[PDB]
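Participant: Provided herewith: final.pdb, PDB, C-alpha atoms.
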```
ATOM      1  CA  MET A   1       5.216  17.308   9.390
ATOM      2  CA  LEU A   2       5.071  17.937   5.599
ATOM      3  CA  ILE A   3       2.655  20.145   3.585
ATOM      4  CA  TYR A   4       2.089  18.776   0.030
ATOM      5  CA  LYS A   5       0.991  20.956  -2.918
ATOM      6  CA  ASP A   6       0.369  20.320  -6.678
ATOM      7  CA  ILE A   7       0.559  22.861  -9.591
ATOM      8  CA  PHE A   8      -3.299  22.891  -9.921
ATOM      9  CA  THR A   9      -4.658  21.352  -6.668
ATOM     10  CA  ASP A  10      -1.958  23.291  -4.604
ATOM     11  CA  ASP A  11      -4.497  24.925  -2.279
ATOM     12  CA  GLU A  12      -5.625  22.015  -0.031
ATOM     13  CA  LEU A  13      -3.763  18.950  -1.615
ATOM     14  CA  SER A  14      -2.219  17.430   1.597
ATOM     15  CA  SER A  15      -0.517  18.359   4.968
ATOM     16  CA  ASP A  16       0.699  15.829   7.646
ATOM     17  CA  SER A  17       3.803  13.777   8.718
ATOM     18  CA  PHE A  18       3.405  11.318   5.747
ATOM     19  CA  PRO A  19       6.335   8.923   4.849
ATOM     20  CA  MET A  20       7.528   9.971   1.344
ATOM     21  CA  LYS A  21      10.342   8.819  -0.977
ATOM     22  CA  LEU A  22      11.767   9.928  -4.349
ATOM     23  CA  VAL A  23      12.404   6.887  -6.613
ATOM     24  CA  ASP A  24      14.453   7.079  -9.903
ATOM     25  CA  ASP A  25      14.588  10.945  -9.370
ATOM     26  CA  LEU A  26      11.200  10.781 -11.190
ATOM     27  CA  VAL A  27       8.293   9.713  -8.901
ATOM     28  CA  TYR A  28       7.349  10.399  -5.252
ATOM     29  CA  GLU A  29       6.418   7.237  -3.314
ATOM     30  CA  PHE A  30       3.912   8.615  -0.787
ATOM     31  CA  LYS A  31       2.838   5.806   1.595
ATOM     32  CA  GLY A  32      -0.563   5.582   3.334
ATOM     33  CA  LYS A  33      -2.758   3.069   5.217
ATOM     34  CA  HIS A  34      -6.212   1.524   4.456
ATOM     35  CA  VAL A  35      -8.817   3.149   6.821
ATOM     36  CA  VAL A  36     -12.497   4.173   6.887
ATOM     37  CA  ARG A  37     -14.039   7.397   8.160
ATOM     38  CA  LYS A  38     -17.352   6.354   9.774
ATOM     39  CA  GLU A  39     -18.980   9.225  11.741
ATOM     40  CA  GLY A  40     -20.162   7.102  14.687
ATOM     41  CA  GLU A  41     -17.708   4.166  15.003
ATOM     42  CA  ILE A  42     -14.395   3.650  13.081
ATOM     43  CA  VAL A  43     -14.477  -0.059  11.980
ATOM     44  CA  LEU A  44     -12.432  -0.878   8.803
ATOM     45  CA  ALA A  45     -14.433  -4.123   8.146
ATOM     46  CA  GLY A  46     -17.589  -2.120   9.038
ATOM     47  CA  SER A  47     -18.101  -0.717   5.517
ATOM     48  CA  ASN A  48     -20.592  -1.230   2.630
ATOM     49  CA  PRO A  49     -19.285  -4.163   0.394
ATOM     50  CA  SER A  50     -19.740  -2.336  -2.947
ATOM     51  CA  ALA A  51     -20.444  -5.335  -5.283
ATOM     52  CA  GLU A  52     -21.253  -3.457  -8.533
ATOM     53  CA  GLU A  53     -21.270   0.358  -7.950
ATOM     54  CA  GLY A  54     -22.605   1.215  -4.460
ATOM     55  CA  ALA A  55     -24.303   4.155  -6.247
ATOM     56  CA  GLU A  56     -27.320   4.129  -3.857
ATOM     57  CA  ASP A  57     -28.951   7.479  -4.852
ATOM     58  CA  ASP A  58     -30.313   8.135  -1.308
ATOM     59  CA  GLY A  59     -27.207   7.534   0.849
ATOM     60  CA  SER A  60     -24.575   5.502  -1.089
ATOM     61  CA  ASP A  61     -23.193   4.253   2.280
ATOM     62  CA  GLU A  62     -23.802   4.793   6.061
ATOM     63  CA  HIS A  63     -21.495   7.874   6.282
ATOM     64  CA  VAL A  64     -18.557   5.470   5.652
ATOM     65  CA  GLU A  65     -15.879   7.385   3.751
ATOM     66  CA  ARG A  66     -14.212   4.030   2.952
ATOM     67  CA  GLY A  67     -10.783   3.991   1.284
ATOM     68  CA  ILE A  68      -7.145   4.722   2.077
ATOM     69  CA  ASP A  69      -5.838   7.532   4.350
ATOM     70  CA  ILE A  70      -4.195   9.301   1.337
ATOM     71  CA  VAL A  71      -7.547   9.608  -0.481
ATOM     72  CA  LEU A  72      -9.728  10.306   2.609
ATOM     73  CA  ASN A  73      -7.331  13.156   3.656
ATOM     74  CA  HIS A  74      -8.505  15.491   0.824
ATOM     75  CA  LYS A  75     -11.469  13.356  -0.521
ATOM     76  CA  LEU A  76     -10.019  12.202  -3.906
ATOM     77  CA  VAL A  77     -12.604  10.738  -6.377
ATOM     78  CA  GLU A  78     -11.918   7.160  -7.664
ATOM     79  CA  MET A  79     -11.543   6.338 -11.390
ATOM     80  CA  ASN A  80     -10.653   3.011 -13.125
ATOM     81  CA  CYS A  81      -8.889   3.013 -16.579
ATOM     82  CA  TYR A  82     -11.159  -0.004 -17.428
ATOM     83  CA  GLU A  83     -14.192   2.333 -17.981
ATOM     84  CA  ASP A  84     -12.486   5.749 -17.572
ATOM     85  CA  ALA A  85      -9.992   4.943 -20.450
ATOM     86  CA  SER A  86     -11.039   8.092 -22.436
ATOM     87  CA  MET A  87     -11.181  10.520 -19.409
ATOM     88  CA  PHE A  88      -7.893   9.190 -17.982
ATOM     89  CA  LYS A  89      -6.263   9.507 -21.486
ATOM     90  CA  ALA A  90      -7.280  13.211 -21.450
ATOM     91  CA  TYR A  91      -5.588  13.675 -18.008
ATOM     92  CA  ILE A  92      -2.491  11.763 -19.279
ATOM     93  CA  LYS A  93      -2.174  14.207 -22.240
ATOM     94  CA  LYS A  94      -2.605  17.088 -19.707
ATOM     95  CA  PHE A  95      -0.010  15.382 -17.440
ATOM     96  CA  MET A  96       2.787  14.843 -20.047
ATOM     97  CA  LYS A  97       2.296  18.361 -21.532
ATOM     98  CA  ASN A  98       2.340  19.932 -18.007
ATOM     99  CA  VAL A  99       5.338  18.054 -16.519
ATOM    100  CA  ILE A 100       7.675  18.440 -19.567
ATOM    101  CA  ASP A 101       6.727  22.178 -20.039
ATOM    102  CA  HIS A 102       7.225  22.744 -16.251
ATOM    103  CA  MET A 103      10.750  21.317 -16.641
ATOM    104  CA  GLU A 104      11.219  23.343 -19.939
ATOM    105  CA  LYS A 105      10.953  26.478 -17.777
ATOM    106  CA  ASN A 106      13.327  24.948 -15.139
ATOM    107  CA  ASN A 107      15.982  23.725 -17.669
ATOM    108  CA  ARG A 108      15.120  24.692 -21.357
ATOM    109  CA  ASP A 109      18.633  23.422 -22.432
ATOM    110  CA  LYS A 110      17.366  19.923 -23.567
ATOM    111  CA  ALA A 111      19.898  18.377 -21.114
ATOM    112  CA  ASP A 112      17.439  17.629 -18.268
ATOM    113  CA  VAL A 113      14.014  17.968 -20.046
ATOM    114  CA  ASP A 114      14.690  15.437 -22.870
ATOM    115  CA  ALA A 115      16.271  13.015 -20.343
ATOM    116  CA  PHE A 116      13.261  13.434 -17.964
ATOM    117  CA  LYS A 117      10.959  13.059 -21.011
ATOM    118  CA  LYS A 118      12.371   9.589 -21.907
ATOM    119  CA  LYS A 119      12.055   8.520 -18.225
ATOM    120  CA  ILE A 120       8.482   9.779 -17.505
ATOM    121  CA  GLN A 121       7.049   8.703 -20.920
ATOM    122  CA  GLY A 122       8.708   5.261 -20.557
ATOM    123  CA  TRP A 123       7.537   5.050 -16.914
ATOM    124  CA  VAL A 124       3.834   5.823 -17.625
ATOM    125  CA  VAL A 125       3.654   3.422 -20.661
ATOM    126  CA  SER A 126       4.893   0.605 -18.350
ATOM    127  CA  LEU A 127       2.844   1.860 -15.324
ATOM    128  CA  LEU A 128      -0.523   1.927 -17.204
ATOM    129  CA  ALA A 129      -0.067  -1.718 -18.432
ATOM    130  CA  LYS A 130      -3.016  -3.381 -16.569
ATOM    131  CA  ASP A 131      -1.608  -6.929 -17.282
ATOM    132  CA  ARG A 132       0.257  -6.734 -13.935
ATOM    133  CA  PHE A 133      -0.568  -3.050 -13.006
ATOM    134  CA  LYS A 134      -4.320  -3.904 -12.517
ATOM    135  CA  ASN A 135      -3.514  -3.322  -8.744
ATOM    136  CA  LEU A 136      -3.709   0.478  -9.526
ATOM    137  CA  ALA A 137      -6.687   2.570  -8.401
ATOM    138  CA  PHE A 138      -6.717   6.008 -10.067
ATOM    139  CA  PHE A 139      -7.838   9.076  -8.067
ATOM    140  CA  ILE A 140      -7.952  12.812  -8.846
ATOM    141  CA  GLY A 141      -8.179  15.918  -6.620
ATOM    142  CA  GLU A 142     -11.800  17.076  -5.984
ATOM    143  CA  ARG A 143     -10.781  20.568  -7.278
ATOM    144  CA  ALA A 144      -9.240  19.408 -10.624
ATOM    145  CA  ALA A 145     -12.153  16.981 -11.249
ATOM    146  CA  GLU A 146     -14.812  19.767 -10.771
ATOM    147  CA  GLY A 147     -13.541  22.220 -13.434
ATOM    148  CA  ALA A 148     -12.105  19.551 -15.825
ATOM    149  CA  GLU A 149      -8.682  21.158 -15.047
ATOM    150  CA  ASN A 150      -5.164  20.218 -16.309
ATOM    151  CA  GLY A 151      -4.535  18.573 -12.871
ATOM    152  CA  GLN A 152      -2.869  15.138 -12.837
ATOM    153  CA  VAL A 153      -4.213  11.790 -11.595
ATOM    154  CA  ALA A 154      -3.043  10.566  -8.170
ATOM    155  CA  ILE A 155      -1.934   6.975  -9.057
ATOM    156  CA  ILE A 156      -2.665   4.672  -6.058
ATOM    157  CA  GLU A 157      -1.538   1.026  -5.698
ATOM    158  CA  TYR A 158      -2.010  -1.602  -2.972
ATOM    159  CA  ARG A 159       1.225  -3.554  -2.281
ATOM    160  CA  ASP A 160       1.876  -6.750  -0.245
ATOM    161  CA  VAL A 161       5.012  -6.443   1.979
ATOM    162  CA  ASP A 162       5.675  -8.750   5.038
ATOM    163  CA  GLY A 163       1.973  -9.818   5.025
ATOM    164  CA  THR A 164       0.728  -6.170   5.068
ATOM    165  CA  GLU A 165      -1.301  -4.347   2.378
ATOM    166  CA  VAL A 166       0.423  -0.914   2.042
ATOM    167  CA  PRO A 167      -1.364   1.622  -0.298
ATOM    168  CA  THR A 168       1.316   3.855  -1.936
ATOM    169  CA  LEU A 169       0.528   7.014  -3.932
ATOM    170  CA  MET A 170       2.649   7.668  -7.034
ATOM    171  CA  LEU A 171       3.024  11.283  -8.253
ATOM    172  CA  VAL A 172       5.625  12.830 -10.590
ATOM    173  CA  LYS A 173       8.257  15.178  -9.052
ATOM    174  CA  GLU A 174       7.590  17.725 -11.835
ATOM    175  CA  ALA A 175       3.969  18.565 -10.796
ATOM    176  CA  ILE A 176       4.434  18.206  -6.994
ATOM    177  CA  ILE A 177       6.173  20.521  -4.494
ATOM    178  CA  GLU A 178       6.999  19.136  -1.014
ATOM    179  CA  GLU A 179       6.954  21.863   1.707
ATOM    180  CA  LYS A 180       8.764  20.757   4.904
ATOM    181  CA  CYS A 181       7.383  22.106   8.238
ATOM    182  CA  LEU A 182       9.884  21.355  11.089
ATOM    183  CA  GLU A 183      10.137  24.214  13.661
TER     184      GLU A 183
END
```
Here is a file; write its structure as structure tokens.
Facilitator:
Amino acid sequence: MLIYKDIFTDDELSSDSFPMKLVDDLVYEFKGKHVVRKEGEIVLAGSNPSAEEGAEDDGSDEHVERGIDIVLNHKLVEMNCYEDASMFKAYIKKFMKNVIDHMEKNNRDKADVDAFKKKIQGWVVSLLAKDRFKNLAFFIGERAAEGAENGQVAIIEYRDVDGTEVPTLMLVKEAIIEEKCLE
């Protein structure tokens, strides 16, 4: 059992026995599973095939909170850098300013911050390159997306390991605080 909190979306971000990793001492690999919340009958293939938008003004779906378990946990709103290029760029500027400044309070010395800065800046420039990274689905906490806050984007990907689609959340260490709960 682990309780997850962000700098901005700290309040209700996440809280369950989720498998999590720290890669490169930079990013948390937070694994989930593709599921649907359907208030009547949980069927994963029993969801609205959203061709264009699925923006049906009177009932977008049939109470099918379709997505991955990571997103459906706290109800994170989807965004795609294809159309959301400007909005997502705003959150990226918020992100890099937040994470480096967070570390500038932790370190200040230019030993760890400037090192971290090369890693995270280099990481995101590679990570946002849709040529191969087009398997990313960008999400943001309902709280941060309501007030246009300085909260970061939850970077989701679907991955194909041993014939299984595994959706893994990517978040930076420097805006996330893992709170272990083992009595």
Participant: With only C-alpha atoms as the atoms that count, which of A:43, A:81, A:175, A:140 lies nearest to residue A:128?
Facilitator: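 Of all the options, A:81 lies closest to residue A:128.
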Participant: Hey, what's within 10 Å of residue A:181 if we count all atoms listed in the file and toss same-chain stuff fewer than 2 positions away? As JSON, numbers by chain, please?
Facilitator: {"A": [1, 2, 3, 15, 16, 17, 178, 179, 183]}
Participant: Which residues match the PyMOL selection byres ((chain A and resi 68) around 9) in the file above, as a VMD selection string?
Facilitator: chain A and resid 32 to 36 66 to 67 69 to 73 167
Participant: Given the file above and the PyMOL selection byres ((chain A and resi 172) around 8), which residues are selected, and can you give them as JSON, numbers by chain?
Facilitator: {"A": [26, 27, 28, 99, 170, 171, 173, 174, 175, 176]}
Participant: Work out where the centre of an axis-aligned box around every listed atom of stretch 19-25 of chain A lies and how long its edges are once 5 Å is added on each side; give both in Å to one decimal as lines of an AutoDock Vina configuration file.
Facilitator:
```
center_x = 10.5
center_y = 8.9
center_z = -2.5
size_x = 18.3
size_y = 14.1
size_z = 24.8
```
Participant: Can you turn the PyMOL selection byres ((chain A and resi 112-121) around 10) into a concrete residue list for this file, as a ChimeraX atom specification?
Facilitator: /A:24-27,96,99-111,122-127,172,174
Participant: Suppose we keep C-alpha atoms; can you now write the selection as a PDB file, in the frame of the given file?
Facilitator:
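Contents of part-v8.pdb, as written:
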```
ATOM      1  CA  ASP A  24      14.453   7.079  -9.903  1.00  0.00           C
ATOM      2  CA  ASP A  25      14.588  10.945  -9.370  1.00  0.00           C
ATOM      3  CA  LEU A  26      11.200  10.781 -11.190  1.00  0.00           C
ATOM      4  CA  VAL A  27       8.293   9.713  -8.901  1.00  0.00           C
ATOM      5  CA  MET A  96       2.787  14.843 -20.047  1.00  0.00           C
ATOM      6  CA  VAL A  99       5.338  18.054 -16.519  1.00  0.00           C
ATOM      7  CA  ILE A 100       7.675  18.440 -19.567  1.00  0.00           C
ATOM      8  CA  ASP A 101       6.727  22.178 -20.039  1.00  0.00           C
ATOM      9  CA  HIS A 102       7.225  22.744 -16.251  1.00  0.00           C
ATOM     10  CA  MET A 103      10.750  21.317 -16.641  1.00  0.00           C
ATOM     11  CA  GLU A 104      11.219  23.343 -19.939  1.00  0.00           C
ATOM     12  CA  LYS A 105      10.953  26.478 -17.777  1.00  0.00           C
ATOM     13  CA  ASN A 106      13.327  24.948 -15.139  1.00  0.00           C
ATOM     14  CA  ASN A 107      15.982  23.725 -17.669  1.00  0.00           C
ATOM     15  CA  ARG A 108      15.120  24.692 -21.357  1.00  0.00           C
ATOM     16  CA  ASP A 109      18.633  23.422 -22.432  1.00  0.00           C
ATOM     17  CA  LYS A 110      17.366  19.923 -23.567  1.00  0.00           C
ATOM     18  CA  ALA A 111      19.898  18.377 -21.114  1.00  0.00           C
ATOM     19  CA  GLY A 122       8.708   5.261 -20.557  1.00  0.00           C
ATOM     20  CA  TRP A 123       7.537   5.050 -16.914  1.00  0.00           C
ATOM     21  CA  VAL A 124       3.834   5.823 -17.625  1.00  0.00           C
ATOM     22  CA  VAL A 125       3.654   3.422 -20.661  1.00  0.00           C
ATOM     23  CA  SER A 126       4.893   0.605 -18.350  1.00  0.00           C
ATOM     24  CA  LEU A 127       2.844   1.860 -15.324  1.00  0.00           C
ATOM     25  CA  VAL A 172       5.625  12.830 -10.590  1.00  0.00           C
ATOM     26  CA  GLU A 174       7.590  17.725 -11.835  1.00  0.00           C
TER      27      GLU A 174
END
```
